[PDB]
>>> print(open('structure36.pdb').read())   # PDB, C-alpha atoms and all ligand atoms
MODEL        1
ATOM      1  CA  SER Q   2       0.000   0.000   0.000  1.00  0.00           C
ATOM      2  CA  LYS Q   3       0.939   3.657  -0.289  1.00  0.00           C
ATOM      3  CA  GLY Q   4       0.394   3.922   3.475  1.00  0.00           C
ATOM      4  CA  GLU Q   5       3.084   1.333   4.088  1.00  0.00           C
ATOM      5  CA  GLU Q   6       5.783   3.734   2.857  1.00  0.00           C
ATOM      6  CA  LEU Q   7       4.960   6.100   5.729  1.00  0.00           C
ATOM      7  CA  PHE Q   8       6.297   3.513   8.209  1.00  0.00           C
ATOM      8  CA  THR Q   9       9.716   2.512   6.830  1.00  0.00           C
ATOM      9  CA  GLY Q  10      11.516   4.736   9.363  1.00  0.00           C
ATOM     10  CA  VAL Q  11      11.042   5.906  12.954  1.00  0.00           C
ATOM     11  CA  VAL Q  12       7.733   7.768  13.339  1.00  0.00           C
ATOM     12  CA  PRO Q  13       6.898  10.038  16.306  1.00  0.00           C
ATOM     13  CA  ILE Q  14       3.726   9.079  18.181  1.00  0.00           C
ATOM     14  CA  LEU Q  15       1.287  11.081  20.298  1.00  0.00           C
ATOM     15  CA  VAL Q  16      -1.486   9.554  22.403  1.00  0.00           C
ATOM     16  CA  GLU Q  17      -4.292  11.594  23.990  1.00  0.00           C
ATOM     17  CA  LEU Q  18      -7.050  10.002  26.065  1.00  0.00           C
ATOM     18  CA  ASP Q  19     -10.022  11.402  27.941  1.00  0.00           C
ATOM     19  CA  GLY Q  20     -11.723   8.928  30.250  1.00  0.00           C
ATOM     20  CA  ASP Q  21     -14.666   8.552  32.593  1.00  0.00           C
ATOM     21  CA  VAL Q  22     -14.717   5.325  34.654  1.00  0.00           C
ATOM     22  CA  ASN Q  23     -17.634   5.147  37.122  1.00  0.00           C
ATOM     23  CA  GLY Q  24     -17.669   8.955  37.159  1.00  0.00           C
ATOM     24  CA  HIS Q  25     -13.913   9.300  37.764  1.00  0.00           C
ATOM     25  CA  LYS Q  26     -12.864  11.694  35.000  1.00  0.00           C
ATOM     26  CA  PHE Q  27      -9.233  11.716  33.883  1.00  0.00           C
ATOM     27  CA  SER Q  28      -6.905  12.479  30.998  1.00  0.00           C
ATOM     28  CA  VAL Q  29      -3.638  10.972  29.794  1.00  0.00           C
ATOM     29  CA  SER Q  30      -1.041  12.315  27.358  1.00  0.00           C
ATOM     30  CA  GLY Q  31       1.588  10.069  25.797  1.00  0.00           C
ATOM     31  CA  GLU Q  32       4.633  10.519  23.566  1.00  0.00           C
ATOM     32  CA  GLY Q  33       7.148   8.223  21.945  1.00  0.00           C
ATOM     33  CA  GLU Q  34       8.013   6.643  18.653  1.00  0.00           C
ATOM     34  CA  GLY Q  35       7.413   3.581  16.535  1.00  0.00           C
ATOM     35  CA  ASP Q  36       9.658   1.645  14.177  1.00  0.00           C
ATOM     36  CA  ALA Q  37       7.380  -0.801  12.330  1.00  0.00           C
ATOM     37  CA  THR Q  38      10.388  -2.302  10.507  1.00  0.00           C
ATOM     38  CA  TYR Q  39      11.133  -3.980  13.856  1.00  0.00           C
ATOM     39  CA  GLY Q  40       7.550  -4.042  15.181  1.00  0.00           C
ATOM     40  CA  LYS Q  41       8.817  -1.738  17.903  1.00  0.00           C
ATOM     41  CA  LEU Q  42       7.027   0.831  20.117  1.00  0.00           C
ATOM     42  CA  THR Q  43       8.347   3.026  22.929  1.00  0.00           C
ATOM     43  CA  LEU Q  44       5.820   5.253  24.738  1.00  0.00           C
ATOM     44  CA  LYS Q  45       5.620   7.259  27.964  1.00  0.00           C
ATOM     45  CA  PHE Q  46       2.200   8.218  29.338  1.00  0.00           C
ATOM     46  CA  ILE Q  47       1.407  10.843  31.980  1.00  0.00           C
ATOM     47  CA  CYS Q  48      -1.883  11.271  33.837  1.00  0.00           C
ATOM     48  CA  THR Q  49      -2.430  15.010  33.517  1.00  0.00           C
ATOM     49  CA  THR Q  50      -5.394  15.184  35.891  1.00  0.00           C
ATOM     50  CA  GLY Q  51      -3.585  13.772  38.942  1.00  0.00           C
ATOM     51  CA  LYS Q  52      -3.685  10.125  40.016  1.00  0.00           C
ATOM     52  CA  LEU Q  53      -4.956   7.667  37.422  1.00  0.00           C
ATOM     53  CA  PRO Q  54      -8.198   6.196  38.887  1.00  0.00           C
ATOM     54  CA  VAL Q  55      -7.688   2.786  37.213  1.00  0.00           C
ATOM     55  CA  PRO Q  56      -4.529   0.650  36.995  1.00  0.00           C
ATOM     56  CA  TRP Q  57      -2.137   1.645  34.221  1.00  0.00           C
ATOM     57  CA  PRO Q  58      -2.041  -1.914  32.760  1.00  0.00           C
ATOM     58  CA  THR Q  59      -5.764  -1.764  32.025  1.00  0.00           C
ATOM     59  CA  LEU Q  60      -5.141   1.056  29.494  1.00  0.00           C
ATOM     60  CA  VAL Q  61      -2.229  -0.519  27.555  1.00  0.00           C
ATOM     61  CA  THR Q  62      -4.340  -1.922  24.723  1.00  0.00           C
ATOM     62  CA  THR Q  63      -6.268   1.339  24.376  1.00  0.00           C
ATOM     63  CA  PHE Q  64      -3.151   3.540  24.232  1.00  0.00           C
ATOM     64  CA  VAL Q  68      -1.363   1.980  17.265  1.00  0.00           C
ATOM     65  CA  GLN Q  69      -1.330  -1.341  15.463  1.00  0.00           C
ATOM     66  CA  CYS Q  70       0.014   0.329  12.328  1.00  0.00           C
ATOM     67  CA  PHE Q  71       3.386  -0.205  14.066  1.00  0.00           C
ATOM     68  CA  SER Q  72       3.082  -3.989  13.880  1.00  0.00           C
ATOM     69  CA  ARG Q  73       5.759  -5.710  11.814  1.00  0.00           C
ATOM     70  CA  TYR Q  74       4.005  -7.359   8.879  1.00  0.00           C
ATOM     71  CA  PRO Q  75       6.427  -9.809   7.219  1.00  0.00           C
ATOM     72  CA  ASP Q  76       6.964  -8.974   3.564  1.00  0.00           C
ATOM     73  CA  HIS Q  77       4.932 -11.995   2.476  1.00  0.00           C
ATOM     74  CA  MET Q  78       2.005 -10.736   4.600  1.00  0.00           C
ATOM     75  CA  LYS Q  79       2.101  -7.114   3.369  1.00  0.00           C
ATOM     76  CA  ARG Q  80      -1.191  -7.505   1.541  1.00  0.00           C
ATOM     77  CA  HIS Q  81      -2.902  -8.171   4.904  1.00  0.00           C
ATOM     78  CA  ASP Q  82      -1.842  -4.951   6.678  1.00  0.00           C
ATOM     79  CA  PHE Q  83      -5.090  -2.994   6.999  1.00  0.00           C
ATOM     80  CA  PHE Q  84      -3.643  -0.596   9.561  1.00  0.00           C
ATOM     81  CA  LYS Q  85      -0.948   0.975   7.400  1.00  0.00           C
ATOM     82  CA  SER Q  86      -3.122   0.860   4.288  1.00  0.00           C
ATOM     83  CA  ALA Q  87      -5.589   3.309   5.870  1.00  0.00           C
ATOM     84  CA  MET Q  88      -2.825   5.929   6.357  1.00  0.00           C
ATOM     85  CA  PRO Q  89      -2.388   8.845   6.323  1.00  0.00           C
ATOM     86  CA  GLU Q  90      -6.120   9.554   6.649  1.00  0.00           C
ATOM     87  CA  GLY Q  91      -6.353   6.921   9.378  1.00  0.00           C
ATOM     88  CA  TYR Q  92      -8.920   4.664  10.969  1.00  0.00           C
ATOM     89  CA  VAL Q  93     -11.487   4.567  13.738  1.00  0.00           C
ATOM     90  CA  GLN Q  94     -10.708   1.889  16.323  1.00  0.00           C
ATOM     91  CA  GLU Q  95     -13.523   0.918  18.695  1.00  0.00           C
ATOM     92  CA  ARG Q  96     -13.489  -1.665  21.472  1.00  0.00           C
ATOM     93  CA  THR Q  97     -15.509  -3.169  24.253  1.00  0.00           C
ATOM     94  CA  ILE Q  98     -13.193  -4.432  26.994  1.00  0.00           C
ATOM     95  CA  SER Q  99     -15.081  -6.676  29.419  1.00  0.00           C
ATOM     96  CA  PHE Q 100     -13.366  -7.249  32.755  1.00  0.00           C
ATOM     97  CA  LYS Q 101     -14.601 -10.624  33.968  1.00  0.00           C
ATOM     98  CA  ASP Q 102     -16.838 -10.287  37.032  1.00  0.00           C
ATOM     99  CA  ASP Q 103     -16.363  -6.492  36.925  1.00  0.00           C
ATOM    100  CA  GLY Q 104     -17.064  -3.499  34.670  1.00  0.00           C
ATOM    101  CA  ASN Q 105     -16.369  -2.711  31.038  1.00  0.00           C
ATOM    102  CA  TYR Q 106     -14.592  -0.069  28.998  1.00  0.00           C
ATOM    103  CA  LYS Q 107     -15.952   1.187  25.719  1.00  0.00           C
ATOM    104  CA  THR Q 108     -13.347   3.013  23.700  1.00  0.00           C
ATOM    105  CA  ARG Q 109     -13.546   5.025  20.502  1.00  0.00           C
ATOM    106  CA  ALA Q 110     -10.254   6.171  19.001  1.00  0.00           C
ATOM    107  CA  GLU Q 111      -9.040   7.785  15.812  1.00  0.00           C
ATOM    108  CA  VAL Q 112      -5.525   6.908  14.629  1.00  0.00           C
ATOM    109  CA  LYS Q 113      -4.145   9.142  11.869  1.00  0.00           C
ATOM    110  CA  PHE Q 114      -1.229  11.325  10.861  1.00  0.00           C
ATOM    111  CA  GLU Q 115      -0.997  14.979  11.884  1.00  0.00           C
ATOM    112  CA  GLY Q 116       1.883  16.090   9.709  1.00  0.00           C
ATOM    113  CA  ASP Q 117       4.544  13.426  10.174  1.00  0.00           C
ATOM    114  CA  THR Q 118       3.303  12.408  13.621  1.00  0.00           C
ATOM    115  CA  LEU Q 119       1.076   9.377  14.184  1.00  0.00           C
ATOM    116  CA  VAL Q 120      -1.687  10.341  16.624  1.00  0.00           C
ATOM    117  CA  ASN Q 121      -4.053   8.149  18.656  1.00  0.00           C
ATOM    118  CA  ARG Q 122      -6.934  10.215  20.128  1.00  0.00           C
ATOM    119  CA  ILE Q 123      -9.219   8.192  22.429  1.00  0.00           C
ATOM    120  CA  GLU Q 124     -12.477   8.622  24.319  1.00  0.00           C
ATOM    121  CA  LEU Q 125     -12.932   5.969  27.019  1.00  0.00           C
ATOM    122  CA  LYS Q 126     -16.085   5.247  29.035  1.00  0.00           C
ATOM    123  CA  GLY Q 127     -16.063   2.726  31.852  1.00  0.00           C
ATOM    124  CA  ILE Q 128     -19.192   1.558  33.707  1.00  0.00           C
ATOM    125  CA  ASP Q 129     -20.314  -1.171  36.098  1.00  0.00           C
ATOM    126  CA  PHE Q 130     -17.014  -1.333  38.013  1.00  0.00           C
ATOM    127  CA  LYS Q 131     -17.001  -2.674  41.554  1.00  0.00           C
ATOM    128  CA  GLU Q 132     -15.790  -0.114  44.079  1.00  0.00           C
ATOM    129  CA  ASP Q 133     -13.308  -2.596  45.550  1.00  0.00           C
ATOM    130  CA  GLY Q 134     -12.803  -4.827  42.536  1.00  0.00           C
ATOM    131  CA  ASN Q 135      -9.420  -5.322  40.940  1.00  0.00           C
ATOM    132  CA  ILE Q 136      -9.735  -2.162  38.814  1.00  0.00           C
ATOM    133  CA  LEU Q 137     -11.078   0.539  41.145  1.00  0.00           C
ATOM    134  CA  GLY Q 138      -9.369  -1.167  44.089  1.00  0.00           C
ATOM    135  CA  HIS Q 139      -5.980  -1.056  42.296  1.00  0.00           C
ATOM    136  CA  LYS Q 140      -5.198  -4.743  42.820  1.00  0.00           C
ATOM    137  CA  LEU Q 141      -3.399  -5.357  39.504  1.00  0.00           C
ATOM    138  CA  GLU Q 142       0.345  -5.888  39.289  1.00  0.00           C
ATOM    139  CA  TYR Q 143       2.382  -3.368  37.321  1.00  0.00           C
ATOM    140  CA  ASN Q 144       3.393  -5.738  34.525  1.00  0.00           C
ATOM    141  CA  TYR Q 145       2.032  -7.169  31.301  1.00  0.00           C
ATOM    142  CA  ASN Q 146       1.669 -10.565  29.646  1.00  0.00           C
ATOM    143  CA  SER Q 147       2.122 -11.500  25.995  1.00  0.00           C
ATOM    144  CA  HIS Q 148      -0.979 -12.024  23.862  1.00  0.00           C
ATOM    145  CA  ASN Q 149      -2.216 -12.849  20.355  1.00  0.00           C
ATOM    146  CA  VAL Q 150      -4.668 -10.464  18.640  1.00  0.00           C
ATOM    147  CA  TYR Q 151      -6.880 -12.425  16.204  1.00  0.00           C
ATOM    148  CA  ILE Q 152      -7.827 -10.323  13.163  1.00  0.00           C
ATOM    149  CA  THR Q 153     -10.513 -10.955  10.560  1.00  0.00           C
ATOM    150  CA  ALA Q 154     -11.872  -8.841   7.729  1.00  0.00           C
ATOM    151  CA  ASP Q 155     -15.057  -6.758   8.155  1.00  0.00           C
ATOM    152  CA  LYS Q 156     -15.943  -6.118   4.515  1.00  0.00           C
ATOM    153  CA  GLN Q 157     -19.210  -4.229   5.000  1.00  0.00           C
ATOM    154  CA  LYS Q 158     -17.303  -1.688   7.123  1.00  0.00           C
ATOM    155  CA  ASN Q 159     -14.362  -1.671   4.674  1.00  0.00           C
ATOM    156  CA  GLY Q 160     -12.261  -2.651   7.684  1.00  0.00           C
ATOM    157  CA  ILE Q 161     -11.344  -5.301  10.227  1.00  0.00           C
ATOM    158  CA  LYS Q 162     -12.431  -6.748  13.522  1.00  0.00           C
ATOM    159  CA  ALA Q 163     -10.475  -8.480  16.228  1.00  0.00           C
ATOM    160  CA  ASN Q 164     -11.014 -10.589  19.314  1.00  0.00           C
ATOM    161  CA  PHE Q 165      -8.522 -11.467  22.031  1.00  0.00           C
ATOM    162  CA  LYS Q 166      -8.153 -12.141  25.738  1.00  0.00           C
ATOM    163  CA  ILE Q 167      -5.906  -9.941  27.871  1.00  0.00           C
ATOM    164  CA  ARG Q 168      -4.875 -11.341  31.235  1.00  0.00           C
ATOM    165  CA  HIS Q 169      -3.869  -8.895  33.960  1.00  0.00           C
ATOM    166  CA  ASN Q 170      -1.961 -10.403  36.878  1.00  0.00           C
ATOM    167  CA  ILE Q 171      -3.605  -9.699  40.259  1.00  0.00           C
ATOM    168  CA  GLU Q 172      -1.428  -8.952  43.311  1.00  0.00           C
ATOM    169  CA  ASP Q 173      -2.660 -12.174  44.964  1.00  0.00           C
ATOM    170  CA  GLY Q 174      -1.229 -14.275  42.129  1.00  0.00           C
ATOM    171  CA  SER Q 175      -4.566 -14.686  40.326  1.00  0.00           C
ATOM    172  CA  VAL Q 176      -5.557 -13.231  36.937  1.00  0.00           C
ATOM    173  CA  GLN Q 177      -8.136 -10.641  35.875  1.00  0.00           C
ATOM    174  CA  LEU Q 178      -9.404 -11.470  32.390  1.00  0.00           C
ATOM    175  CA  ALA Q 179     -10.209  -8.556  30.059  1.00  0.00           C
ATOM    176  CA  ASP Q 180     -12.030  -9.836  26.969  1.00  0.00           C
ATOM    177  CA  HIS Q 181     -11.451  -7.556  23.969  1.00  0.00           C
ATOM    178  CA  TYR Q 182     -13.743  -7.061  20.992  1.00  0.00           C
ATOM    179  CA  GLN Q 183     -12.490  -4.593  18.384  1.00  0.00           C
ATOM    180  CA  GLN Q 184     -13.701  -3.010  15.127  1.00  0.00           C
ATOM    181  CA  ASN Q 185     -11.704  -0.724  12.840  1.00  0.00           C
ATOM    182  CA  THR Q 186     -13.078   1.402   9.981  1.00  0.00           C
ATOM    183  CA  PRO Q 187     -11.033   3.609   7.609  1.00  0.00           C
ATOM    184  CA  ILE Q 188     -11.543   7.371   7.723  1.00  0.00           C
ATOM    185  CA  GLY Q 189     -10.296   8.260   4.237  1.00  0.00           C
ATOM    186  CA  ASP Q 190     -11.155   7.328   0.673  1.00  0.00           C
ATOM    187  CA  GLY Q 191      -7.986   5.528  -0.382  1.00  0.00           C
ATOM    188  CA  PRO Q 192      -7.942   1.813  -1.050  1.00  0.00           C
ATOM    189  CA  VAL Q 193      -7.512  -0.243   2.093  1.00  0.00           C
ATOM    190  CA  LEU Q 194      -6.417  -3.840   2.522  1.00  0.00           C
ATOM    191  CA  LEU Q 195      -8.968  -6.388   3.693  1.00  0.00           C
ATOM    192  CA  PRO Q 196      -6.890  -9.182   5.252  1.00  0.00           C
ATOM    193  CA  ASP Q 197      -7.107 -12.918   5.437  1.00  0.00           C
ATOM    194  CA  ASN Q 198      -7.382 -14.232   8.989  1.00  0.00           C
ATOM    195  CA  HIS Q 199      -4.147 -13.772  10.924  1.00  0.00           C
ATOM    196  CA  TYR Q 200      -2.941 -12.595  14.306  1.00  0.00           C
ATOM    197  CA  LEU Q 201      -0.587 -10.115  15.919  1.00  0.00           C
ATOM    198  CA  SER Q 202       1.879 -11.559  18.438  1.00  0.00           C
ATOM    199  CA  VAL Q 203       2.383  -8.913  21.136  1.00  0.00           C
ATOM    200  CA  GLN Q 204       4.800  -8.570  24.021  1.00  0.00           C
ATOM    201  CA  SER Q 205       4.890  -5.580  26.361  1.00  0.00           C
ATOM    202  CA  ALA Q 206       7.141  -4.428  29.198  1.00  0.00           C
ATOM    203  CA  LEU Q 207       6.057  -1.756  31.671  1.00  0.00           C
ATOM    204  CA  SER Q 208       8.469   0.390  33.635  1.00  0.00           C
ATOM    205  CA  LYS Q 209       8.783   3.634  35.584  1.00  0.00           C
ATOM    206  CA  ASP Q 210      10.955   6.671  34.889  1.00  0.00           C
ATOM    207  CA  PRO Q 211      12.846   7.035  38.194  1.00  0.00           C
ATOM    208  CA  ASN Q 212      12.914  10.815  37.800  1.00  0.00           C
ATOM    209  CA  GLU Q 213       9.188  11.163  37.072  1.00  0.00           C
ATOM    210  CA  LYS Q 214       6.958  12.000  40.034  1.00  0.00           C
ATOM    211  CA  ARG Q 215       3.742  12.422  38.071  1.00  0.00           C
ATOM    212  CA  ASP Q 216       1.632   9.299  37.754  1.00  0.00           C
ATOM    213  CA  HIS Q 217       2.934   7.660  34.585  1.00  0.00           C
ATOM    214  CA  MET Q 218       3.749   4.519  32.625  1.00  0.00           C
ATOM    215  CA  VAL Q 219       6.626   3.663  30.284  1.00  0.00           C
ATOM    216  CA  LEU Q 220       5.796   0.989  27.691  1.00  0.00           C
ATOM    217  CA  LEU Q 221       8.160  -0.951  25.407  1.00  0.00           C
ATOM    218  CA  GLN Q 222       6.271  -3.195  23.004  1.00  0.00           C
ATOM    219  CA  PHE Q 223       7.091  -5.535  20.105  1.00  0.00           C
ATOM    220  CA  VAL Q 224       4.453  -6.803  17.691  1.00  0.00           C
ATOM    221  CA  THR Q 225       4.801  -9.208  14.773  1.00  0.00           C
ATOM    222  CA  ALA Q 226       2.025 -10.303  12.440  1.00  0.00           C
ATOM    223  CA  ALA Q 227       1.822 -14.060  12.009  1.00  0.00           C
ATOM    224  CA  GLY Q 228      -0.408 -16.994  11.153  1.00  0.00           C
ATOM    225  CA  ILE Q 229       0.028 -16.894   7.367  1.00  0.00           C
ATOM    226  CA  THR Q 230       2.840 -18.916   5.807  1.00  0.00           C
ATOM    227  CA  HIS Q 231       2.777 -17.588   2.209  1.00  0.00           C
TER     228      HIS Q 231
HETATM  229 MG    MG Q 301       0.106  18.273  26.525  1.00  0.00          MG
HETATM  230 MG    MG Q 302      -7.067 -16.087  -0.770  1.00  0.00          MG
ENDMDL
END
>>> encode(input="structure36.pdb", output="structure tokens", more="lines below")
Ligand SMILES: [Mg+2]
Ligand SMILES: [Mg+2]
Amino acid sequence: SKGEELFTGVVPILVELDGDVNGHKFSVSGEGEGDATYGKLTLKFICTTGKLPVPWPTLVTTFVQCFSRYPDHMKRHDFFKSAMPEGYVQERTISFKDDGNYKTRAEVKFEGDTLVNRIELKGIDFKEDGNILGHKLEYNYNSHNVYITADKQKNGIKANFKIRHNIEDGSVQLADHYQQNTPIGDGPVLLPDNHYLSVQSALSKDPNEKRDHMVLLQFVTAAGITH
């Protein structure tokens, strides 16, 4: 795709989220860069409204799959880059098992040479002392597969996957993800065969940062198609 050529080097990234979870209103700003040649993302997020009222790990998936590494032989399946620069809408329902849900609506597009992810997040039905509002999730992140299928009537894709957040007691908080993406612009976009994204993520803290924040290093490779 024409879109793919926008990702052959290092691309600056901005993330901006406004959220309301059970009436706790908050905002997050993030900055970093992506190098899709290596499936590589580095991002630092800051809660600009004070303390984040949900655990940072629960927002990782919401906070740019155009930075996935699609192997050359899978280039024709890369919807995300093909929608660029005009971008795509990315919507999800994230269902925390035995707890509340997030509904997210994001637009991912270029502003100049910078790839921007602007998100609105709404969370409802959370338990006041569940794992989310009670801040019982470990500050770490597991590796997951994102299963992608075409959504031809929307000129886009959908995805399903299961995120597992480690709980401080050693248990796991499941977050089921359902996802739909739709292109914003009028260029041709790629409608993929079934495949998945193999994701690994590492969370850290900036020792000099006293605002509430998260540093994310992530690697993503598309897979599941051999030819
Ligand atoms: Mg700012
Ligand atoms: Mg075929």
>>> residues_around(input="structure36.pdb", residues="residue 230 in chain Q", least_positions_apart="6", cutoff="10 Å", atoms="only C-alpha atoms", output="count of residues only")
3
>>> residues_near_ligand(input="structure36.pdb", ligand="ligand MG 302 (chain Q)", cutoff="12 Å", atoms="all atoms listed in the file", output="PyMOL selection string")
chain Q and resi 78+80-81+195-198+229+231
>>> residues_near_ligand(input="structure36.pdb", ligand="ligand MG 301 (chain Q)", cutoff="9 Å", atoms="all atoms listed in the file", output="PyMOL selection string")
chain Q and resi 17+29-31+49
>>> resolve_selection(input="structure36.pdb", expression="the PyMOL selection byres (((chain Q and resi 6) around 12) and not hetatm)", output="ChimeraX atom specification")
/Q:2-5,7-12,37-38,70,79,85-89
>>> closest_residue(input="structure36.pdb", among="Q:186, Q:50, Q:108, Q:144", to="residue 208 in chain Q", atoms="only C-alpha atoms")
Q:144
>>> closest_residue(input="structure36.pdb", among="Q:23, Q:153, Q:118, Q:99", to="residue 59 in chain Q", atoms="all atoms listed in the file")
Q:99
>>> atom_distance(input="structure36.pdb", atom1="CA of residue 205 in chain Q", atom2="CA of residue 222 in chain Q")
4.3 Å
>>> resolve_selection(input="structure36.pdb", expression="the PyMOL selection byres (((chain Q and resi 45) around 7) and not hetatm)", output="list in words")
residues 31, 32, 33, 44, 46, 47, 218, 219 and 220 of chain Q
>>> closest_residue(input="structure36.pdb", among="Q:123, Q:143, Q:21, Q:71", to="residue 40 in chain Q", atoms="only C-alpha atoms")
Q:71
>>> resolve_selection(input="structure36.pdb", expression="the PyMOL selection byres (((chain Q and resi 160-171) around 7) and not hetatm)", output="number ranges by chain")
Q: 140-142, 145-146, 148-156, 158-159, 172-187, 195
>>> closest_residue(input="structure36.pdb", among="Q:226, Q:119, Q:136, Q:16", to="residue 100 in chain Q", atoms="only C-alpha atoms")
Q:136
>>> residues_around(input="structure36.pdb", residues="residue 26 in chain Q", least_positions_apart="5", cutoff="10 Å", atoms="all atoms listed in the file", output="PyMOL selection string")
chain Q and resi 19-21+50+53-54+125-126
